[PDB]
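Sequences listed follow chains U, Y and Z, in order.
According to my numbering, the first sequence is numbered sequentially starting from 14.
According to my numbering, the second sequence is numbered sequentially starting from 4.
According to my numbering, the third sequence is numbered sequentially starting from 60.
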Amino acid sequence: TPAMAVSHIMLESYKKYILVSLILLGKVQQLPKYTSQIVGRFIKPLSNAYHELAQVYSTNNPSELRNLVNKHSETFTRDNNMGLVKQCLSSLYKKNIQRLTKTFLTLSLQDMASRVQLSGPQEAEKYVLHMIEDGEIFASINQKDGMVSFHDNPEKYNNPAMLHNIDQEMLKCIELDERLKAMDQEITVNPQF
Amino acid sequence: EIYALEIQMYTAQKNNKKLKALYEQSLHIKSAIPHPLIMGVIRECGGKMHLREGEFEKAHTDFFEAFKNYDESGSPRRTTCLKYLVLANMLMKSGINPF
Amino acid sequence: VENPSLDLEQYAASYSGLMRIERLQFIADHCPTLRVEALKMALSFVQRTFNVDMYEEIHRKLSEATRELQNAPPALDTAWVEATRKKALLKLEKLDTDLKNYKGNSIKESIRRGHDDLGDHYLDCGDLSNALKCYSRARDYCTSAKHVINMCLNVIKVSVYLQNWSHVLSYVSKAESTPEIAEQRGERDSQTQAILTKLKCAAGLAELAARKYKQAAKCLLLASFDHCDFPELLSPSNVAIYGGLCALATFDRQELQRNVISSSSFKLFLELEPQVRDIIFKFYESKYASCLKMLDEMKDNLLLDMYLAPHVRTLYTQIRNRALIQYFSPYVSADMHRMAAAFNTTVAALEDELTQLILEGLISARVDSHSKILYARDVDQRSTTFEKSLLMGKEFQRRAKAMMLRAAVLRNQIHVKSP
């Protein structure tokens, strides 16, 4: 939104933007170049704790993020967004478990507890099971041997499901283009410059 | 002739670096010279040297011209030079047509 | 930092001047136990060419070393220092007189030669800045290309001691471009005075100090053995060490085969240092156990080198990583125990190293830590193309919705007012 003065609605939405981007994505999503100057000049250094949170999030260290959450806890509770930062901590743990898929195929639960910093294979099994159920990871659990088997193969792109998905996505692009045709026509009718 | 004797000494002394330098220096005197056996003697070493370094095509050409000079003069180096020519034909990967 | 395999006598015999002084001081500063012999040799050579400061530094360090040697279970010659100071000052006055005489006579050859002798004596005394100023002023009194080449070589010589590698490279390219692009052909059937070799060695050391190991090796590999002695910069044995390690670290298999192994020019250098030659050959023959064994055997001895040491961490890490890639390149499924045994490390340490190598490096594999097997990963072309295309379409749609609303707010003039 174009702005000459800074509003509290923009500050709170920016803080919650950083939090949600840390939950949804592995990092903070870049805001467009057309964002107001006051955002980068005033809003950015006012919500310093949130960029400090993203700075600690980038190191992939949970204990340090925990220390930073305990450090500015009063500021996070003051903004009434304490909970989303706990979801950021949990998403950092999830991100650390997700990073294991890129390097490992069959990994021990104790090794996962040691690498992700969870203490005990029990918590590693809990996290993996939750992540499979929520569709966040593509893995399997072997209790007998105490192993986690990463598959990483959701689809081969031969289902009709993809045919219907592509048809729906294409219909969304067609809808968008028809809307753009209507806007372009509306402008063509208006006086010249 | 002097360079041929120097090369003959360093062939028994087994000093490769020197033989490379001597052969590369002998190639300059070959431009304006008569037609003796010496021209084909240095080439034999020039062939062996090229096998020591790894250049099998240059060794093959050297052993071919040396064999021609040894054919014009005579045995016993002719048969051995022909053996080194076949060895260079095989090592070149692949000449497979010496005779 | 301890290694008794170093031969201080031959190492000191190979170099000369401030290079000999700074290298002996480097061995003395970085390596104890051998500090005594390094200080004795340094003092003996510091007395030559006449130098005061270096004598005071070495005498202070030899006295602290003798105190430590007496704590475990030469006297200050001020007369010679003052005599040296008097001799150096009087010789500088003689050189100033002759320089002013040739400047008064106005002869290009005489003034240029005067500045060269001046600079040599400034280098002998121990003036690091003034020695460059002499050749800097000598620049203007040049006519033929040869005078500029000699001057550039002197500028480069001083700039090495001053650590101005950008100026070294600039004057190297200058001295390469001035004589009609290195005499075009090559002075007909090679030249007796190998200048190109000195230029490639100086540029090689300059590229090495700038941490550009590929270009440093590319320059060092082109240097011919016919130059032989050069103690003002680097010895041929060290040319083989520097060039060999840099080429092994940066060059790939095809590049090592064509530019290092089949290279006849560098072969002689490889004959001087057999250890480096064995390391390169064992790296190419896939004998990584003996390669790392010889490399770790060299490590502590190469750690004492003046210019090579600040890169010893990078080079070794670059080599090891490359070796790990070259080892896994022909495999679809490799045993981690044989790999750990081939790389002289433990299975868990190899697992950590490989995890780091997959996360950033050229290794495209998955670690099966249960059975201790490294499986090569084959990217499903179709699924990856579809995935990134579908995600691009989604990102495109979100950018379209965003700009649709941007068009709406700019149309309706919706904005936050300042007051």
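Using N, Cα and C, we set each Cβ at its ideal position, and we do this for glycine too.
In the DSSP annotation of this structure, the continuous segment of the beta strand (DSSP E) that includes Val426 of chain Z starts and ends at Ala424 to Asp427. Only residues of its own chain outside the window of five on either side were considered, and among them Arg436 have a CB closer than 6 Å to the CB of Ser423 of chain Z, listed in chain order. Here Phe67 of chain Y has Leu88 as same chain residues with Cβ atoms under 7 Å from its own Cβ, once five neighbours each way along the sequence are excluded. Excluding residues up to 5 positions away in sequence, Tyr13 lie with their Cβ nearer than 7 Å to the Cβ of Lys21 of chain Y in the same chain.
The criterion of a C-beta distance shorter than 7 Å is satisfied by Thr119 of chain U and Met160 of chain U. Beta bridge pairing from DSSP links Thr119 of chain U with U:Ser162 and Z:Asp427. Short of 6 Å from the beta carbon of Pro238 of chain Z, and not among the five residues preceding or following it, lie these beta carbons of its own chain, in chain order: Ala204. The beta carbon of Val44 of chain Y sits closer than 7 Å to those of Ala7, all from its chain and outside the five residues before and after it, given in chain order.
Residues of chain U with a Cβ closer than 9 Å to the Cβ of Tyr434 of chain Z are, in chain order, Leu118. Straight-line spacing of the CA atoms in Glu75 of chain Y and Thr82 of chain Y works out to 13 Å. The alpha-carbon separation between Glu27 of chain Y and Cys201 of chain Z amounts to approximately 36 Å. Between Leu148 of chain Z and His180 of chain Z, the C-beta gap is not smaller than 7 Å, which leaves the two residues out of contact.
In this structure, DSSP gives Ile154 of chain U an extended state, which the three-state scheme calls strand. Runs of beta strand (DSSP E) with 3 or more residues, each lying fully within the stretch 375-428 of chain Z, are found at 392-394 and 424-427, listed in chain order.
Under the 7 Å criterion on CB atoms, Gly57 of chain Y is classed as interfacial with respect to chain Z. Bridge pairing for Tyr70 of chain U: absent [DSSP]. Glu115 of chain Z and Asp136 of chain Z have their C-alpha atoms roughly 10 Å apart. The C-alpha of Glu58 of chain Y lies about 35 Å from the C-alpha of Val391 of chain Z.
For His31 of chain Y, the C-beta contacts it makes with chain Z under 7 Å involve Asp248, in order along the chain. If the five residues before and after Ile150 of chain U are omitted, its C-beta is found closer than 6 Å to the C-beta atoms of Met144, all from its own chain and listed in chain order. DSSP places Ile432 of chain Z inside the beta strand (DSSP E), whose first and last residues are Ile432 to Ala435.
Within chain U, the C-beta atoms nearer than 7 Å to that of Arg441 of chain Z come from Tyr170, in chain order. Between the stretch 118-137 of chain U and the stretch 62-70 of chain U there are fewer than three C-beta pairs closer than 8 Å, too few to call the two in contact. Taking the CA atoms as reference points, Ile378 of chain Z sits about 32 Å from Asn18 of chain Y. Closer than 7 Å to the CB of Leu281 of chain Z there is not a single CB belonging to chain Y. Taking a Cβ-Cβ threshold of 8 Å, the residues of chain Z close to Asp124 of chain U are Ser428, in chain order. At a Cβ-Cβ threshold of 7 Å, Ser296 of chain Z and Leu331 of chain Z count as neighbours. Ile320, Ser321, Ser323, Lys326, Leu327 and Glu330: these are the residues of the stretch 319-333 of chain Z whose beta carbon lies less than 9 Å from some beta carbon of chain Y, given in chain order. A straight-line Cα-Cα distance of about 29 Å links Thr125 of chain Z and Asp186 of chain Z. If you draw a straight line from the Cα of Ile166 of chain Z to the Cα of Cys278 of chain Z, it is about 38 Å long.
Taking a Cβ-Cβ cut-off of 8 Å, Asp180 of chain U has no neighbours in chain Z, whose nearest Cβ is about 13 Å from it. Taking all protein chains shown into account, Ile32 of chain Y has fewer than 16 neighbouring C-beta atoms within 10 Å of its C-beta and is therefore exposed. Between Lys273 of chain Z and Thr251 of chain Z, the C-beta spacing is not below 7 Å.
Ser428 of chain Z counts as buried, since at least 16 other C-beta atoms from the protein chains shown sit within 10 angstroms of its C-beta. As for any alpha helix (DSSP H) of minimum length 4 sitting wholly inside the stretch 178-210 of chain Z, the runs are 189-197, ordered along the chain. Residue-level contact check: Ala459 of chain Z touches chain U, since one or more beta carbons of chain U fall below 7 Å from its beta carbon.
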